2 protein chains.
Amino acid sequence: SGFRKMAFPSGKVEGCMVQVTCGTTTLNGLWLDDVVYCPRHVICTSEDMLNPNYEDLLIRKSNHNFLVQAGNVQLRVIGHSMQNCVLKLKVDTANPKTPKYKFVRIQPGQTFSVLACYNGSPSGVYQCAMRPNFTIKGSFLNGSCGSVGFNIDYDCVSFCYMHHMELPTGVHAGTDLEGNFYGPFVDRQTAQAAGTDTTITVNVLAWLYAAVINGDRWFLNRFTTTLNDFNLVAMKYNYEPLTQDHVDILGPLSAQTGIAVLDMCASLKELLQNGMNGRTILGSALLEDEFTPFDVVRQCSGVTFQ
Amino acid sequence: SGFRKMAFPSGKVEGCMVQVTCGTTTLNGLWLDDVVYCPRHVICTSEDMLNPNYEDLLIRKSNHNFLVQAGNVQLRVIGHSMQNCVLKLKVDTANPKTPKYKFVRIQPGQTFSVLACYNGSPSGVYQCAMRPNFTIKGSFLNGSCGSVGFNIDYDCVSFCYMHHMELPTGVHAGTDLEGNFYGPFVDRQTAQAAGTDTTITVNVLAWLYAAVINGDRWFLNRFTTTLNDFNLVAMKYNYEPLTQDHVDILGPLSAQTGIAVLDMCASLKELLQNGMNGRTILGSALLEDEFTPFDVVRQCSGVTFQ
Ligand SMILES: *C(=O)[C@H](C[C@@H]1CCCNC1=O)NC(=O)[C@H](CC(C)C)NC(=O)[C@@H](NC(=O)c1ccc([N+](=O)[O-])cc1)C(C)C
Ligand SMILES: *C(=O)[C@H](C[C@@H]1CCCNC1=O)NC(=O)[C@H](CC(C)C)NC(=O)[C@@H](NC(=O)c1ccc([N+](=O)[O-])cc1)C(C)C
């Protein structure tokens, strides 16, 4: 028993990280087959990051302006192209450690692991959610750009996030691996504020189920609620509306615990209106919203990958 | 910016995990060079876990009673010995993926990453703290024994924990890699008194320093405190008493931020006595105690957000 914020094992992605340097700018790239993917702003200069003309700047870049270092091996760039906000550097050698992989674009409310890297060297792994306002609350310093987010399904790595920038509120924004930003952001050092963030209601409910599974049951009551009456209360506390699709996705956790979804909603309604009365749930005084229902089932059943 | 509970990248440890089966009991083993390390209770059957004579069970076993599997490859056991609570199975093949490594025994309050494994395959990775009473608050199901905890310094893995059991309170206990239990515990299914679990004060202080480094000072104040006046408040709130040894460990964070250790203690004392009043620190409403001073320096910017 026990419930932890758990990241995917990172070994398959560790073997894909490289250092990419252009001019005096260094960041990380992702080496899959004979292509290295990295944020296109590696080609900018300090003097240019206000509103870079990326297409123009790339014209004046040759293959040998890109230094790609994979551990002890320098990779030769034999071709370069730009796809939206990512650069694709074709290289001499196919990565022998390339896993089975897909590029996916995730929905807000979904979770993924981030492999934080610096100078092509992985330094940490942690679990994140795509916020409703398309930001992530990551932990990224200078040099972290090109770090990637991913999920693992059996033996296949689904890459969903590449890191590009930090917002003034200290949260983070990036692209999918096709270079398309999540949310209304652009890769320029301009004035950019994210929409108001909301709590991911279906994830909070999933985590209350995790708590019950792990013996923490004090918040269960004998009240009932309809979906509409729950959503009338939840919206006033800045929670996302709960849809019928969300209720369906909570079906398996409901069957396992014997607690109806709308009964769990009633317990959450009491927590919102009355507070915790000084208590915690799974050690938290705030309600956790970065576990999906799939995250809870997977962890509580010991699903394995590699 | 940002601050996340970050685990070490798990790839170096994933390459070491194997499955060990004896009779009908399967758990995880750690394959380093030509030795597989695993918990000695792999040789137990369900009916004799109340008072197993481990040197009763082991003399009855031959090398070929141990089935060791790495991937789809059987490893042939050519020798075995018991050291404290761990079994050492000599195998006929050195692990080609053995990293540089050490075995270290850590102190209460210190942290490590756990690669939770089932049947020799990894399920996930997360960061843990050794509690003051030598337990850990993990996520371990049936079959997780032999999962290990570790730190990585450059490319040397320091293994410090191997998982053995869950206590009746839902917390977890295990050994160092020489098989010595952390805490006054033994590998049998009998009631064993545990010390009381207090909050790791030096780690809370380190995390307040992290909040300052990242740009937040709202919780500071002008008082100072003596060590003893602080510890009187600490014990009211179930915090571990702070020693001069602990104060010395916070030296680097104190110097980096310009806040004397006993001034941060005065700040913590006021947070405990007055609560948070709806505010948060690094996103938390409860003070975090699973970051050591070293963890903070490893994750935070070397440049304080002044
Ligand atoms: C890549 O490595 C680097 C990572 C950043 C660096 C700062 C610390 N944490 C990180 O995650 N990314 C960049 O340097 C990126 C380059 C651009 C996209 C070309 N720049 C930023 O992240 C900057 N953020 C902004 O410039 C920004 C400023 C103001 C506003 N605003 O609403 O006013 C929005 C965005 C960093 C401040 C350098
Ligand atoms: C190994 O895989 C397995 C892991 C356990 C399994 C249950 C779920 N979570 C885990 O971490 N370890 C065991 O099965 C272990 C083998 C013994 C130690 C020979 N048994 C247990 O973990 C049981 N624990 C106890 O019975 C127990 C009772 C009291 C104390 N104590 O110190 O007071 C310690 C252990 C579980 C009930 C299965």
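Work out the length of the dipole vector of the protein assembly as shown about its Cα centre, built from +1 on the beta-carbon of each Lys and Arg and -1 on the beta-carbon of each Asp and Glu, and round it to the nearest 20 debye.
Numbers: 44 positive and 52 negative charges, 84 e Å.
Taking the Cα centre of the protein assembly as shown as origin, the dipole is about 400 debye.
Computed from label points 7 Å out along Cα-Cβ, the spacing between residue A:192 and residue A:238 is 2.2 nm.
When the helix-only estimate is applied to chain B (DSSP H runs of n ≥ 4, each -39,500 (n - 2.57), divided by the residue count), what is the mean residue ellipticity at 222 nm, nearest 500 deg cm²/dmol?
Details: 8 runs with 65 residues, N = 306.
One gets -5500 deg cm²/dmol as the mean residue ellipticity at 222 nm.
In percent, rounded to a whole number, the relative contact order of chain B is 17, using alpha-carbon pairs under 8 Å and six or more apart.
Maximal additional length on extending the residue A:226-residue A:65 stretch stands at 51.8 nm, based on 0.36 nm per residue less the C-alpha distance.
Springs join every pair of Cα atoms under 10 Å in this Gaussian network model of chain B, and among B:69, B:107, B:273 the largest mean-square fluctuation is at B:273. The charge dipole of chain A, taken about its Cα centre with unit charges on the Cβ atoms of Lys, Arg (+1), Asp and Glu (-1) only, comes to about 400 debye.
So what's the angle, to the nearest 10 degrees on a 0 to 90 scale, between helix A:201-213 and the longest Cα principal axis of chain A? On a 0 to 90 degree scale, this one is about 60. Between the residues A:28, A:258, A:198, the greatest Cα displacement towards the positive end of the dipole of chain A, with unit charges on the Cβ of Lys, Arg, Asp and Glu, is found for A:28.
In summary, the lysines within cross-link reach of residue A:137, defined as a Cα separation below 25 angstrom excluding same-chain residues under 8 places away, comprise A:5, A:12, A:102, A:236, B:5, B:137. Among B:219, B:159, B:134, the largest mean-square fluctuation in a Gaussian network model of chain B, built with springs joining Cα atoms closer than 10 Å, belongs to B:219. Scanning residues 5 or more positions from residue A:117 or on other chains, those with amide H under 5 Å from its amide H are A:123, A:147, with H placed 1.01 Å from N in the peptide plane.
Over the whole of A:297-303, what's the average partner chain Cβ count within 10 Å per residue? Rounded to a whole number, please.
Numbers: counts 0, 2, 6, 2, 3, 13, 4.
That works out to 4 on average.
Once the gyration tensor of the Cα atoms in the stretch A:1-157 is diagonalised, the equivalent ellipsoid follows with semi-axes of 27, 19, 14 Å, ordered largest first.
How much net charge surrounds residue A:264 when only other residues with a Cβ under 12 Å from its Cβ are counted (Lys, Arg +1; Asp, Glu -1)? Display every interim value, and only then the final one.
Working: positive: A:217, A:269; negative: A:263, A:270.
Counting the neighbours of residue A:264, the net charge comes to 0.
On the principal axes of its alpha-carbon atoms, chain A has extents of 69, 42, 31 Å, going from largest to smallest.
For residue A:87, the residues whose modelled amide H falls within less than 5 Å of its own, excluding neighbours fewer than 5 places apart on the same chain, are A:38, A:40.
Each label point was placed 7 Å from the Cα along the Cα-to-Cβ direction; for residue A:90 and residue B:156 their separation is 4.5 nm. If the viscosity is 0.890 mPa s and the temperature 25 °C, what Stokes-Einstein diffusion coefficient in µm²/s follows for the stretch A:77-199 when Rh is the Kirkwood radius over Cα pairs? The estimated diffusion coefficient comes to 161 µm²/s.
So for B:106, A:59, fewest C-beta neighbours within 10 Å to most, what's the order? It would help to have the intermediate numbers written out before the result.
Values: B:106 17, A:59 8.
Ascending Cβ contact count within 10 Å gives the list A:59, B:106.
Coupling constants for the stretch B:9-21 follow from the phi torsions by the Karplus curve (6.51 cos²θ - 1.76 cosθ + 1.60, θ = phi - 60°), and in residue order they are x, 9, x, 4, 7, 4, x, 10, 8, 9, 9, 10, 10 Hz; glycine and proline get x. Would you mind checking which residues have amide H under 5 Å from residue B:158's amide H? H placed 1.01 Å from N; only 5 or more apart, or other chain. Amide H neighbours of residue B:158: B:102, B:151, B:152, B:153.
Converting phi to 3J(HN,Hα) with the Karplus coefficients 6.51, -1.76 and 1.60 and the offset θ = phi - 60°, the stretch A:92-107 yields 4, 10, 6, 5, x, 9, 3, x, 4, 8, 9, 9, 10, 9, 8, 8 Hz in sequence order, with x at every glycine or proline. Taking one quarter of the surface of the convex hull spanned by the alpha-carbon atoms of the stretch A:225-306 gives a direction-averaged projected area of 6.4 nm². For the pair residue A:294 and residue A:78, label points projected 7 Å from Cα toward Cβ lie 3.6 nm apart.
At each listed q (0.14, 0.22, 0.26 Å⁻¹), what is the log10 of I(q)/I(0) that the Debye formula gives for the stretch B:129-180 modelled as equal alpha-carbon point scatterers? Reported log10 I(q)/I(0), two decimals: -0.36, -0.82, -1.06.
Can you classify the stretch B:153-203 as rounded, prolate or oblate using the Cα gyration tensor, where a ≥ b ≥ c are the square roots of its eigenvalues, rounded means a/c under 1.5, and otherwise it's prolate if a/b beats b/c and oblate if not? Show your work: numbers first, answer last.
Values: a/c = 2.64, a/b = 1.34, b/c = 1.96.
In terms of gyration-tensor shape, oblate.
Charge dipole (Cα centre; +1 on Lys/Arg Cβ, -1 on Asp/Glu Cβ; no other charges) of the stretch B:44-110 amounts to roughly 500 debye. Once the Kirkwood radius over Cα pairs is known for the protein assembly as shown, the Stokes-Einstein relation at 4 °C and 1.567 mPa s delivers a diffusion coefficient of 50 µm²/s.
Each residue of the stretch A:245-250 was assigned a 3J(HN,Hα) from its phi angle through the Karplus expression (A = 6.51, B = -1.76, C = 1.60, θ = phi - 60°), giving 4, 4, 4, 4, 4, 7 Hz with x at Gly and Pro.
For neighbour counting, all protein chains shown are included, and Cβ atoms are generated from backbone atoms with ideal geometry for every residue, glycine included. Every read-out reported here was derived from the displayed coordinates using simple, explicitly stated rules and does not represent laboratory data.
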